[PDB]
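> whatever this is, show me its structure:
(10 chains, ligands or ions: 19)
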Amino acid sequence: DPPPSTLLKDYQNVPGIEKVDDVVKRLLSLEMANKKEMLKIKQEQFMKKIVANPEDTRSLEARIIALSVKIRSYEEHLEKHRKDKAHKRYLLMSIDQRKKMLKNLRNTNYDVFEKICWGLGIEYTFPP
Amino acid sequence: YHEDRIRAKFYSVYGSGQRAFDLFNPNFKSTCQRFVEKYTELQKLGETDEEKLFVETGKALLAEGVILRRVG
Amino acid sequence: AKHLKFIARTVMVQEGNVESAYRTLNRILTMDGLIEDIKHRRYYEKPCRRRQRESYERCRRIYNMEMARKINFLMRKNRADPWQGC
Amino acid sequence: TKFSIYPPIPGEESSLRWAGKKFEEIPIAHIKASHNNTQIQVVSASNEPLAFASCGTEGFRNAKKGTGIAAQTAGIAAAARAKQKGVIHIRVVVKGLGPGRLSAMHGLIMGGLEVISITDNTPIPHXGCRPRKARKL
Amino acid sequence: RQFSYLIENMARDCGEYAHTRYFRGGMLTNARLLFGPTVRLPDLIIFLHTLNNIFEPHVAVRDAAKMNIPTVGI
Amino acid sequence: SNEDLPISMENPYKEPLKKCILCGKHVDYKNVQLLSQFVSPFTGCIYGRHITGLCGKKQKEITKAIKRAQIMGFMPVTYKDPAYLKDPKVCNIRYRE
Amino acid sequence: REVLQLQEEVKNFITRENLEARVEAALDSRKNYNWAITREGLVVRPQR
Amino acid sequence: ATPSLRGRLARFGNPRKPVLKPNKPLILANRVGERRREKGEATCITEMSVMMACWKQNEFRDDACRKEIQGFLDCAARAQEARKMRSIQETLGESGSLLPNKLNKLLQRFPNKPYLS
Amino acid sequence: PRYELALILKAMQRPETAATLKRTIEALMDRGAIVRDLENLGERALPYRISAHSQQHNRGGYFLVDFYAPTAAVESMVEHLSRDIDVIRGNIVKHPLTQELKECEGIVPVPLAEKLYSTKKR
RNA sequence: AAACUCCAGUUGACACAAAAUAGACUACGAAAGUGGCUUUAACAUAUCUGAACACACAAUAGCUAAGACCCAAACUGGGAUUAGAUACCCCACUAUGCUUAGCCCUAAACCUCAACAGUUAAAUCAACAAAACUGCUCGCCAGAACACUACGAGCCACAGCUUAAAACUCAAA
Ligand code: FES
Ligand SMILES: [K+]
Ligand SMILES: [K+]
Ligand SMILES: [K+]
Ligand SMILES: [Mg+2]
Ligand SMILES: [Mg+2]
Ligand SMILES: [Mg+2]
Ligand SMILES: [Mg+2]
Ligand SMILES: [Mg+2]
Ligand SMILES: [Mg+2]
Ligand SMILES: [Mg+2]
Ligand SMILES: [Mg+2]
Ligand SMILES: [Mg+2]
Ligand SMILES: [Mg+2]
Ligand SMILES: [Mg+2]
Ligand SMILES: [Mg+2]
Ligand SMILES: [Mg+2]
Ligand SMILES: [Mg+2]
Ligand SMILES: [Mg+2]
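Numbers count the residues shown, from 1 in each chain, chains lettered A, B, ... in the order given. Ligands and ions are numbered 1, 2, ... in the order given. Next comes the structure:
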């Protein structure tokens, strides 16, 4: 996970954020935010690391990255909430929709399909 | 009609005239219609601002002796 | 039990008129729905039965308010016949 | 001053008095109007019991207790024992929707007591214990 | 009914016929029974109001068509 | 073509939409004075929107604030706080004949 | 603009240095969140 | 304001489950219900219970209970006439908002139209 | 996030109330909170009797603490307040000033529902 | 009538139960379900349809084990009614409804109205119900009864569940 001192995605590119008081840096960091703010930072890191255009969010690559971050959040949720049937369904459906994205990415752009698998640590498996 | 915008503003600013409509007279002119005709005349003289074209119209009628009691 | 007493559901009597004070209290408890609530709570109303009662009461309100709205709308026409004989 | 149906609030300075006593000092007539009986207890402002009467203690039995006239008789009996102890004005606190809900109050008046206020304390659970199952009749 | 008197007079003045009253079932489609086998029906029916007093089409509109009588109507 | 023909546009005489008395105002659970204006004086029962005249959004805001304030120790449940009985009457209900 | 506004507010935040002084200052003051609404939509602040 | 009916009934196009399950079509009839006779109750029992109290203390001797007896007698007479009064005013509609008979003639003139003509 | 601690304290003298507030604000800071303000709402009669720590209370001092803290501090602070014998009732809510009120154009009227029943003659 | 009379009424202390009013709102969730308060996490899919060969869920009741226990309450006992009363009515009380950990996998689980896209014109249209239709796709149906049955198979299910026939019979249903 990103360090708690990491600034929010909205306040990371404001001019002069490095010279503000330490208290102001704590209030604009992940430590003082909800987990959804930490997930936006994770999604941003994966985009720059994998996709050629980190600003295109509608490409099949970005969707696989966006959905992969949601999947990891559900897995962490269910690690603490093992009888949460609602989120267990969301996890299984999300895994099924990422496989459908990876299938369509493999069929259209194999070189990008390989970078998505390496970048996200996904082992593509053919259905039985 | 285009004048309906002028009538809506006139009724908001000055309300309905205390003069009574006579819908039997086919050539009846109300205070609102008199306001609309003056407002149209001044627009044809080249004025194009709306808030300015509305204040000058009220003054013209007051000069002619018309009673315009603002509602508020 | 933890609240202050003689504030809730309390009506003062005027000039010894206890009947009017009781009628006011009964009117207060009725309008706030307490009297009907107390009665429905004497025996357990199963949820299926409660949902049916609420549906019936809500449909009755809509019908009754719409019929009343039509009665008030048409009442002006209850005037004497202007064209009697034709 | 205009009449206020809202009771005087304790701790504030009201001008209302009954025999020189403040609202907080007037004894309380507790009427429990049940479906098959009516119980009346008069207590002082300090919660000292002064008189008790019910339809059963007035010689009514079985279904006759669950009548208006049975509660009225209980009210007169409680008023008589309370009047001997110095009670004139009472605050009425009635809990229950039984047939003697109003009749019990009449008996208190016919017995010589003056009701200055009426309070309903019928227990209404806000969600509470499950009541008994409906009757097939 | 506001114009029953006016319309009845207009018909009499022009030498024609008016029916402004309650329209009984079968005046047109059962005229021979009601009036007689030799009764002559109207050649033209003019409706100054086409609706009855419950805001429905006047029954004679349908019955005029059944008897193949042309109708003028406001 | 013809100058006197009607023109397409939006209703110029359309009246502004009506607003609830709390439109644009913040409903806080700590403002027991405001919340008390929407409960019964005798029973503390929350008034329905047909009595309060509030829109759906503010009827919910008032309801949620009352329930929060009651259990957090700010507002009584079984009666209206007598301190607030002389506040403006904004609800459409009369209990005296 | 939000970082600037926030940078000024932090000057008035409570710290372990001014904690005792801010507590005593709070005990002397009073904050009132009560106000009433009228049928006309007007706020009626309390009489204080 | 009448409660809303939008999205309340089970219908094609309505995604949510039905809010209302009317057993009768929500369509205004051309008639109102008939004035429902109110449940009668025993009356004058308060006066009846003062008369029967003196008797118990005076061995059922009418000479000692004259004032209480005359009260109960008058109270019954008033309730007997009161029923005669109410009945007349009920039929006349002197106090009623309107008579179901009069209110139905008015609806006959403006019948609800659930169909096209 | 930004939270609001609604704190009802046992009715005490000024010295014991200041010690309780300082002890409570330090507990927030020990859990990583950034305390923004402290507001006194005044001592008043409670809306009802509250039993807390084997005692019955009828009056209390109402205080507010506006502060920022990590999400994990809320659960840990709630546990702290449950053990403080000078606290009658303490609740932590999300600060109401964070929620921005959407603009409202007004009341959109609802027309009577139409075409609920076929127009066939019944 | 039986029942209680260490009972009843006032006051005070006092929940592993349930959640008035708001709600005349019609929201959330795949459905089942969800209407006291707070906080944390959190509500898949940037074409659609699509698994009865899988996976994950699924009210109430029920099973296994350990707890809680206000109230309600199958069964059972008593009272009453009755020709009888294995009922309806009254009282008492248990399993059970609650929590934890595992099972069971069923409902008129029905809003008996499939998903997605689109239309209101033509013939509007058996009847009733909740107006009539188009495109596309999956699932399902083909006289009644036998039959939510038999056998086989699968299953933590052992008086269970799912899948599910045939013979004889009828001219109807
Ligand atoms: S009408 Fe705008 S918030 Fe109520
Ligand atoms: K409700
Ligand atoms: K509740
Ligand atoms: K159904
Ligand atoms: Mg569709
Ligand atoms: Mg039906
Ligand atoms: Mg699909
Ligand atoms: Mg289940
Ligand atoms: Mg169970
Ligand atoms: Mg029990
Ligand atoms: Mg048990
Ligand atoms: Mg529970
Ligand atoms: Mg269901
Ligand atoms: Mg089905
Ligand atoms: Mg499907
Ligand atoms: Mg068959
Ligand atoms: Mg079965
Ligand atoms: Mg089987
Ligand atoms: Mg088998």
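
> could you give the number of residues near residue B:57?
Other residues within reach of residue B:57, judged by other Cβ atoms under 10 Å in any protein chain shown, total 24. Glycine gets a C-beta too; all of them are placed from N, C-alpha and C.

> isn't it right next to residue B:38, touching?
Yes - Residue B:57 is within contact range of residue B:38, at 5.0 Å (criterion: Cβ atoms under 8 Å).

> and the residue with the largest distance to the centre of chain B, which of the three is it?
The C-alpha centroid of chain B is most remote from residue B:24, which lies 21.2 Å away (Cα atoms, centre = their mean). Secondary structure, DSSP: H, G, I helix; E, B strand; the rest coil: residue B:24 is coil.

> does the spatially most central residue of chain G sit in a helix, a strand or a coil?
For chain G, the residue nearest the mean C-alpha position is residue G:31 (6.8 Å; Cα atoms, centre = their mean). Three-state call for residue G:31 (three-state DSSP): coil.

> with adjacent residues omitted, what lies nearest to the residue of chain I found nearest chain D?
The nearest approach of chain I to chain D comes at residue I:45, 8.6 Å away (Cβ to the nearest Cβ). Of all residues not flanking residue I:45 in the chain, residue I:59 sits nearest, at 5.5 Å (Cβ to Cβ, 6 or more residues apart in numbering or on different chains).

> how about residue G:16?
residue I:29 (7.0 Å).

> chain A versus the one you found, what's the distance?
The gap separating residue I:29 from chain A is 12 Å, by Cβ to the nearest Cβ, to the nearest Å.

> residue I:93 versus that residue, what's the distance?
As judged by Cβ to Cβ, to the nearest Å, residue I:29 and residue I:93 stand 19 Å apart.

> higher neighbour count, the two?
It is residue I:29, of residue I:29 and residue I:93, that has more neighbours when counted by other Cβ under 10 Å, with 17 against 13.

> sec struct for the more buried one, please.
Assignment for residue I:29 (three-state DSSP): helix.

> that one contacts residue G:17, correct?
No - assessed by Cβ under 8 Å, residue I:29 is found out of contact with residue G:17, at 11.9 Å.

> wait, doesn't residue H:4 sit right on residue I:110?
Yes - counting by Cβ under 8 Å, residue H:4 does reach residue I:110; the two are 5.1 Å apart.

> can you name the residue of chain C nearest chain I?
Counting by Cβ to the nearest Cβ, chain C gets nearest chain I through residue C:2, at 4.2 Å.

> residues touching that residue, list them.
I:48, I:49, I:50 (Cβ atoms under 8 Å, 6 or more residues apart in numbering or on different chains).

> assumed it was part of a helix.
No - counting by three-state DSSP, residue C:2 is located in no helix; its state is coil.

> how close does it get to residue C:29?
The gap separating residue C:2 from residue C:29 is 21 Å, by Cβ to Cβ.

> and residue I:92, by the same measure?
From residue I:92 to residue C:29 the distance is 38 Å (Cβ to Cβ).

> which of these two has more neighbours?
residue C:29 (23 against 20).

> ok, the more buried one - contacts?
Residue C:29 touches C:9, C:35, D:120, F:42, F:43, counting by Cβ under 8 Å, 6+ apart.

> what about the one residue in chain H that gets nearest to chain G, neighbour count?
Per Cβ to the nearest Cβ, residue H:1 is where chain H lies closest to chain G, at 17.8 Å. Using other Cβ under 10 Å, the number of residues around residue H:1 comes to 9.

> tell me how many other residues crowd the residue nearest to it when sequence neighbours are not counted.
In space, not counting the residues next to it along the chain, residue H:1 is nearest to residue F:50; the distance is 7.1 Å by Cβ to Cβ, 6+ apart. Here the number of neighbours of residue F:50 (other Cβ under 10 Å) works out to 13.
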